[PDB]
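Asks: Got a structure for you, written out below as structure tokens; questions coming shortly.
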Ligand SMILES: CCCCCCCCCCCCC(=O)O[C@@H](COC(=O)CCC)COP(=O)(O)O[C@H]1[C@H](O)[C@@H](O)[C@@H](O)[C@@H](O)[C@@H]1O
Ligand SMILES: CCCCCCCCCCCCC(=O)O[C@@H](COC(=O)CCC)COP(=O)(O)O[C@H]1[C@H](O)[C@@H](O)[C@@H](O)[C@@H](O)[C@@H]1O
Ligand SMILES: CCCCCCCCCCCCCCCC(=O)O[C@H](COC(=O)CCCCCC)COP(=O)(O)OCCN
Ligand SMILES: CCCCCCCCCCCCCCCC(=O)O[C@H](COC(=O)CCCCCC)COP(=O)(O)OCCN
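Residue numbers (the UniProt record's numbering), protein chains in the order written: chain A, 686 to 752; chain B, 344 to 423; chain C, 504 to 582; chain D, 193 to 603, 627 to 752; chain E, 583 to 603, 627 to 685; chain F, 198 to 264.
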């Protein structure tokens, strides 16, 4: 137990990930909300003039350095 | 199981013209200390065959770092 | 090899159901040993209730530690 | 400015400060930009779960919060329109309230918030010497110090409580002073205003009676003045008052034990009082037992009324009040069943007696080693015993149901008896051949051996291992929780006090420097702390 | 702490017991001490009413002392 | 409490070499015993024991030059 703390946390997270994937693959109702991110415009400027929407996921962060 | 390369790719951010579209991490806006990152999730959440979540989770148990790969930031936050 | 060294929960739930079906077969075969199969299925199912400790961080991590204790320390000790 | 509800009130000055453009700020202030505009859109409010950033809604607070000393200096000291340093937002927060609010106790955050707090206060003293800036209360009635204490901002509280400012015309802002010096030794004086008592939001009251969601409620009492202050109050009077209370509770439990032990064995109470000495003592003991139960009942009611826990803070926290209250509830139910002519008053009474003797562990606080030990017992019960009992009871019920299913037509074949027999393995008394009323002996013994391996060999030894990890990891947390428990005891003892004690203050009206903004001499009820430093001769 | 718990639950149990062989603080204290050495009977008497109260008291004693305090003693001796 | 404290003791206390030299030039008693209770043990009262003598004060204050 002194040595399997982080290993057990990671293995639990993997088990819950397998549960999540099984739940979303079974799903029994043809629900589209499992697509989890929403279609945002990242840059809107590819090498050509077209715009790129890439289903991004928002993560807010705070830093007190590199103002 | 190349956790180093996966950790590089999933939060890749390239700051130069004509290459920002290659990035997979974007900063939409930034106040003084606060700023909101955006991770790509193409080929992560769902795709044709080889979603990274499905590839990691349904690995064959001989992958080196399968337990630790889901700790890479967008994967852990997406699963939560 | 991955059928046994990994995915223990699927194997345990499958074996629970196998005991249930063998119990049904012995029940309709006019054998009292259906009670033996039934009680093994019942005990295994109640122990397989530990599967659902995932989804709770503290109980899930505790269950994972139980798994690793069984595989590493209890196995060496029991040998 | 913007009229959108998300960014309502945002001027170009807010953007200029945000972009860290000093020249644009100077040009905007030159052209008459309002330096007290309230940016109060929904983006700039609290509720961090939404996207947003709160800074106090004002550009001076924005410049302070973004670590821009030049812009706050300019906005306060520009030639066109100086900014009111005592300006207030919709919450009533000033610049210092905003600096307290934005803190998150990280090292860089603590550094910049400390420096900006110091500079803003110094500039406030210079521009407004008569202003008591830190006494301004927001709409919740909290000063910046009380806000820091209530929100768990240990980084800012730890700075404020031992603040030293040495500049002339600014030493009155200090809260730590030095009365005298010698060679290695010097005697420090701490301000102590709004710490021991101010009737509104004293820092000890704010920390101790926090709602358990404060991040650092256990760590905040480790700062230099508060720990010595609580130890001083303890050794002054609360040690004696607490030990008297412990003695009285011991007498109460001894009397209750004696009265319950010699209960009449005849049926159907109330019991006629036989004219003999022993029964007179018995009736006196019973009366005192019920009296003490009523006392603890009303104490628990007073606790719940004075605090009003919000339906979860009375289960995650304050376990002792609940336990003493339940003890008194069992006592009162015992009285009701006694006078209702029911024998079940013995059941209520024995639960009260057992719970009271276990509640004797409450008084281990006030003794450091026993108090820390009792805190560790609490944490074991909440974390390791709870997880263990969940998994253990699942295994026990599963194997008991399997075994009692296997058993047919015996003295066993009730679920309770089989559960008890399987439980006997845990206490080292399992028979392992407690019945033969079955067919399939191999199935019976396989079930019992599997139960033994999964519970007795595995889970109990795993519980020992996990408790080992816990004691390895909860040492400092246990000491901090013990100190918080003793602090709560100190505050309750001071607020009870039973004789109108005048000695609420610690160490006299010492003169710190005697140089106020005016010529008057300020007395602050200081607290003395003698310190020795061999460096800095 | 153990003697406080032992005396408390012994007083509760002997209060519950009426007109029996044990029915005394010494005998009940000894019977509750026997749980510590792995010899507690758990049905040492039936001279009471309210079997549920008796067994609840004994199980609470067992959990608070044998399962908790002894294993905690092992853990704290490990730390020491 | 400050009984027996001479000007030499204050001069050593303030780390002023010049004042110590001037006082010793003016016949200051280099064996004066500061018998005040502020310069003794029993720390329940504030103080600092140093052996009561200017030489011991100089040694105890890391003033090697004055020693
Ligand atoms: C008669 C009665 C007999 C009962 C006997 C059995 C008692 C135990 C019952 C416990 C039931 C709990 C459970 O459901 O099974 C536990 C396994 O516990 C054991 O060790 C059993 C040893 C045999 C978790 O198995 P899991 O499916 O989560 O496997 C993990 C993957 O998911 C994950 O991705 C990783 O690859 C990870 O490395 C894998 O392990
Ligand atoms: C039939 C008989 C059953 C008896 C069962 C119970 C046995 C233990 C009885 C022990 C009595 C000692 C006591 O009085 O209770 C212990 C709690 O022990 C338990 O875990 C009981 C679980 C129920 C201390 O509770 P405390 O008031 O100190 O709460 C702490 C705050 O003070 C502090 O500020 C912090 O916020 C901290 O986070 C809080 O927790
Ligand atoms: C750490 C926990 C360990 C568990 C230990 C075993 C107790 C759990 C029992 C759960 C199974 C369901 C109980 C059903 C109660 C009941 O209805 O059974 C009653 C027994 O009544 C009681 O003692 C109530 C017990 C109160 C429970 C206090 C936790 C009657 O039949 P008897 O065979 O006993 O007497 C028959 C005489 N010919
Ligand atoms: C870790 C501690 C574990 C506690 C173990 C139990 C002991 C605690 C007893 C406390 C209750 C008060 C004792 C009262 C003594 C007494 O008066 O009881 C006497 C027996 O006296 C003694 O053995 C003295 C015991 C010495 C105590 C050595 C620690 C006789 O009654 P019996 O029912 O036994 O015999 C009756 C035959 N007709």
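Note that beta-carbon positions come from the ideal geometry of N, C-alpha and C, so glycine has one too.
1) Check whether the Cβ of residue 638 (chain D) lies closer than 6 Å to any heavy atom of ligand 3, and answer yes or no.
2) Is it buried or exposed, residue 723 (chain A), if we count other Cβ atoms within 10 angstroms and call 16 or more buried?
3) So, helix, strand or coil for residue 411 (chain B), using DSSP?
4) According to DSSP, residue 627 (chain E) sits in a beta bridge with which residue or residues?
5) Does the distance between the C-beta of residue 631 (chain D) and the nearest non-hydrogen atom of ligand 3 fall short of 6 Å?
6) Bridge partners of residue 726 (chain D), per DSSP?
7) Rank D:653, D:600, D:663, D:454 by C-alpha distance to the C-alpha of residue 754 (chain D) and give the top, closest one.
8) Ligand 4 heavy atoms versus the CB of residue 635 (chain E): any closer than 6 Å?
9) I'd like to know if the region 710-724 of chain D and the region 738-748 of chain D are in contact, where contact means that at least 3 CB-CB pairs between them fall below 8 Å.
10) Indicate whether at least one CB of chain A lies closer than 7 Å to the CB of residue 293 (chain D).
11) Taking the beta strand (DSSP E) that residue 719 (chain A) belongs to, which residues open and close that run?
12) Expressed to the nearest angstrom, what Euclidean distance is found between the alpha-carbon atoms of residue 475 (chain D) and residue 596 (chain E)?
13) Who are the neighbours of residue 561 (chain C) on chain D, taking C-beta pairs under 7 Å?
14) From the DSSP secondary-structure annotation, give me the bridge partner or partners of residue 743 (chain A).
15) At a CB-CB cut-off below 8 Å, which residues of chain A make contact with residue 420 (chain B)?
16) Taking all protein chains shown into account, decide if residue 504 (chain D) is buried (16 or more other Cβ within 10 angstroms of its Cβ) or exposed.
17) Near residue 357 (chain B), which residues of its chain fall below 8 Å by C-beta distance, leaving aside the five closest residues on each side in sequence?
18) Under 8 Å between beta-carbons, which chain A residues line up against residue 409 (chain B)? List them in chain order, please.
19) Closest by CA to residue 379 (chain B), which one among D:653, D:215, D:230, D:244?
20) I'd like to know whether the C-beta atoms of residue 305 (chain D) and residue 291 (chain D) end up nearer to each other than 7 Å.
21) Using a Cβ cut-off of 7 Å (strictly closer), state whether residue 382 (chain B) contacts chain D.
22) Specify, as a first and last residue, the run of the beta strand (DSSP E) that residue 425 (chain D) falls within.
23) Does the Cβ of residue 302 (chain D) have 16 or more other Cβ atoms within 10 Å, making it buried, or fewer, making it exposed?
24) Considering residue 372 (chain D), what are the terminal residues of the beta strand (DSSP E) in which it resides?
25) Within its chain, find whatever has a CB closer than 6 Å to the CB of residue 216 (chain F); leave out the 5 residues flanking it on each side and keep chain order.
26) Starting from residue 251 (chain D), follow the alpha helix (DSSP H) in both directions and report where the run begins and ends.
27) Using a Cβ-Cβ distance under 7 Å, would residue 243 (chain F) count as near chain D?
28) Could you check what DSSP says for residue 328 (chain D) in three-state terms: helix, strand or coil?
29) For residue 565 (chain C) and chain D, any beta-carbon pair shorter than 7 Å?
30) Show which residues of chain D have a CB atom less than 7 Å away from the CB atom of residue 535 (chain C).
31) Check whether the region 405-413 of chain B touches the region 516-534 of chain C, taking contact to mean three or more Cβ pairs, one atom from each stretch, closer than 8 Å.
32) Do we get a CB-CB distance below 7 Å when we pair residue 670 (chain D) with the residues of chain B?
33) Cα separation between residue 714 (chain A) and residue 706 (chain A)?
34) Let me check you understand the geometry: is the CB of residue 576 (chain D) closer than 6 Å to at least one non-hydrogen atom of ligand 5?
35) Just checking: is the beta-carbon of residue 523 (chain C) within a distance shorter than 7 Å of some beta-carbon in chain D?
Replies: In short:
1) yes
2) exposed
3) helix
4) According to DSSP, residue 627 (chain E) bridges with nothing at all.
5) yes
6) D:738
7) Here chain D covers residues 193 to 752 and nothing more, so residue 754 (chain D) does not appear.
8) yes
9) yes
10) no
11) Note, residue 719 (chain A): premise wrong, no beta strand (DSSP E); not H, not E.
12) 19 Å
13) 579
14) B:381
15) 742, 744
16) exposed
17) 363, 365, 366
18) 699
19) D:244
20) yes
21) no
22) Careful: residue 425 (chain D) lies outside any beta strand (DSSP E), inside the alpha helix (DSSP H) at 416-425.
23) buried
24) 368-373
25) 208
26) 251-257
27) yes
28) coil
29) yes
30) 654
31) no
32) no
33) 15 Å
34) Absent from the structure shown: ligand 5. Ligands present: ligand 1, ligand 2, ligand 3 and ligand 4.
35) no
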